[PDB]
Structures are given as structure tokens and as C-alpha cells.
Amino acid sequence: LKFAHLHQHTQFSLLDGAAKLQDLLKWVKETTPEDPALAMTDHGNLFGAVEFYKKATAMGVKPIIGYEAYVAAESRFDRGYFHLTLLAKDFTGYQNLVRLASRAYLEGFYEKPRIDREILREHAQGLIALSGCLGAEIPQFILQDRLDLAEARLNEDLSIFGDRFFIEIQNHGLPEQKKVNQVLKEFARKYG
Amino acid sequence: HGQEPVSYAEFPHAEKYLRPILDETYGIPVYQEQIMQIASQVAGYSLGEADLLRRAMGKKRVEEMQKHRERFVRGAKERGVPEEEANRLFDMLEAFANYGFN
Ligand SMILES: [Zn+2]
């Protein structure tokens, strides 16, 4: 009964990232010998992608090029934002992550590099999406006691990704996660 | 006037805790001490901590109320209620806490 982190931040998350690229991979290697996997998901950037790939593969761990996108509330031209974990399915998905990253800085940069559900739909091909942390869209609507918006937003994302969308469940010692993970468990169960 | 049964069909499992307190005032949690007694018995809460729990409702802090909700349910399940009533009991307690008199 084994585990593989799909939501992990490295040193390349410049503000809040404290996990170095070398010592992180060996911990994942030493903890799980059998087919180790790790996903680099940093805050609105794709800096370590190549360095993470060639060092992970150098240690025998399978890399998964991720991207925790800052998603705009409505449009990226608006001048806050929301979190959303995106994972590369295949090389088409890698190219689409590279574009979403690029457009975050070039086009939709206000405070952070932000993206849109418009352009996410444009570059959805080859991206496995997750529901995200407390800072993400659906979990935040649950905290606002607006279940109708959460579900409405869930339908919008399901129109984009289809069967590639998933309900991210994470638990620390936090009372907000109990209310969210409960309501996410219902949504998870309702929509297959 | 002796013209309505003071029933507790909304909280059947919590009825045995609710009655001894609220029968003196016909089911309506009017006083602050009644909300503390409910809180202390139903949730296995300390009577001194029930005083703190009243102040948290009075202050109505944004997300700190959800710490007590979790605390309330944890104890509530251990006593009798099926954690469908405990959350909706907290809705009643917080609602009548605003106009709760000493
Ligand atoms: Zn996040």
C-alpha cells in the first residue's frame, strides 16, 4: 500500500518553497523503493521543469511535470485569483503547460502570473486537473456557504477536462478541511 | 397557558439533555446559562469552557467558530447524537446566543 505525491512544491517556488531538488528526490526514493514517482507543482512557474526531470530520472524516480496555476476570478485582463493544480498527461500536455505558464506572465500578470478558464479550455488537451487546495475555486465556495456556485464551477471544469478532472483531498490539522473534504466527498460521489 | 407541547422532535437524541434545561422556559433558550448548560452536557464540554464558547459566538469570529463546531461534534457523537443533529444544534445555539440574556 504505497503513495506518490502529486502536489509538491520545490525550491523553484520562490516565495514559499523550501524543498531543495536533490534531497527531496532521495527522500522519495528512500521511502518508496518500488516505482517511485514525484510531481513538481510550483506556484505559477515552470522553472525547475527541466532540472527536475533530468535529476529525478538520474535518481531512478519518475518525474511528473506539474503546475499550480493561479486562476483568475473571471478574466486575466481584470485588474483576486484562485489556485488550481495541473499535471502533464503526455508531451502535448507538457506543451500546453508551457503555454499556460507563458501566458500567465506575458498576458495575465497583475500581482501573480494568472490564467483563465478560457485559455485553460484552449490548452486543456493533455492536462489532468485536480480540485486544488483550500485556496482553489470549489473549496472556497464551500467555505462561503455557496454550494450552488461550487457545483456550478465544478460543472464548468468538467466541461473542460472531462474524465481527467479529480477531487483533491488533503488533510492537516485544520477545521476548514473537514467541512470542505465532506462536501467534496459528496461532489466526488455525485458526478462519477 | 398550557396550549402547546414543548417537544424536541428536531433533536430526539439530544432531547434527554435539552428537556431538564429548557422545560423551565418552555423550550426557548432565553438565558445565557441555558446555552452554557446545553453546550456542557450535549457536547461533553466543560462548564468553564462553555463560558468561553458563548464569548466566541458573541464575537462571531470569521473561521474560529468552525474550531468549536468540530469540537462540539466530536463530543456530541460520543454522548448520543448522530452528528446530523449536532451541527443543526450548533445552528440553534449560535442563533439564540445573540439575544441570550444573563
Ligand atoms: Zn495552493
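Top line first, the protein sequences correspond to chains A and D. Note that the first sequence covers residues 5 to 83, 92 to 204 in PDB author numbering. Mapping the second sequence onto PDB author numbering, position 81 (from 1) lands on 793, and the numbers just tick up by one. Heads up, the beta-carbon is just placed ideally off N, CA and C, and yes, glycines get one too.
Nearest chain A C-beta to residue i closer than 8 Å, yes or no?
i	result
D:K779	yes
D:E796	no
So residue i packs on residue j, CB below 8 Å; how close in whole Å?
i	j	result
D:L765	D:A751	5 Å
A:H184	A:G144	Going by Cβ atoms, the distance from A:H184 to A:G144 rounds to 15 Å, so no, they are not a contact pair.
A:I127	A:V75	6 Å
D:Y720	D:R731	7 Å
A:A43	A:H11	7 Å
D:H725	D:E797	6 Å
A:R115	A:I140	With a Cβ gap of about 20 Å, A:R115 and A:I140 do not count as contacting.
D:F784	D:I747	The Cβ separation is near 12 Å, so there is no contact.
A:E180	A:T97	6 Å
Which bits of chain D does residue i rub up against, with CB to CB less than 7 Å?
i	result
A:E198	Here the premise fails: no neighbours, minimum Cβ distance about 14 Å.
Which residues in chain D sit within 9 Å of residue i, going by Cβ to Cβ distance?
i	result
A:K33	The contacting residues do not exist; A:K33 stays about 37 Å from chain D at best.
Assign residue i to one of three DSSP states: helix, strand, or coil.
i	result
A:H95	strand
D:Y729	helix
A:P151	helix
A:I69	strand
A:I127	strand
A:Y74	strand
A:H47	strand
A:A136	coil
A:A100	strand
residue 87 of chain A	For chain A, the structure lists 83 followed at once by 92, and that leaves residue 87 of chain A out of the model.
A:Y57	helix
D:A751	helix
A:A116	helix
D:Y743	strand
A:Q182	coil
A:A200	helix
A:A141	strand
A:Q156	coil
D:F813	strand
A:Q15	coil
D:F802	helix
A:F177	strand
A:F121	strand
A:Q194	helix
A:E163	helix
D:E716	coil
Mind pulling the chain A residues with CB within less than 9 Å of residue i?
i	result
D:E782	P187, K190 and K191
D:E775	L155, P187 and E188
For residue i, collect the residues of the same chain with a Cβ closer than 6 Å to its Cβ; drop the 5 residues on either side in sequence, then sort them by chain order.
i	result
A:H135	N108, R111 and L112
A:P40	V32, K33 and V65
D:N799	none
A:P151	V192
D:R781	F802
A:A60	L29 and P67
A:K6	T36
A:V195	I154
D:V793	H725 and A726
Considering only residues of the same chain and omitting the five flanking positions on each side of residue i, which have a CB-CB separation below 7 Å?
i	result
A:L50	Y71, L109, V110 and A113
residue 672 of chain D	Given that chain D is displayed from residue 713 to residue 814, the structure contains no residue 672 of chain D and the question cannot be resolved.
Short of 8 Å in beta carbon distance, which residues of its chain neighbour residue i, apart from the five on each side in sequence? Order them along the chain.
i	result
A:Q137	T104, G105 and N108
A:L161	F153
A:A23	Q12, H13, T14 and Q15
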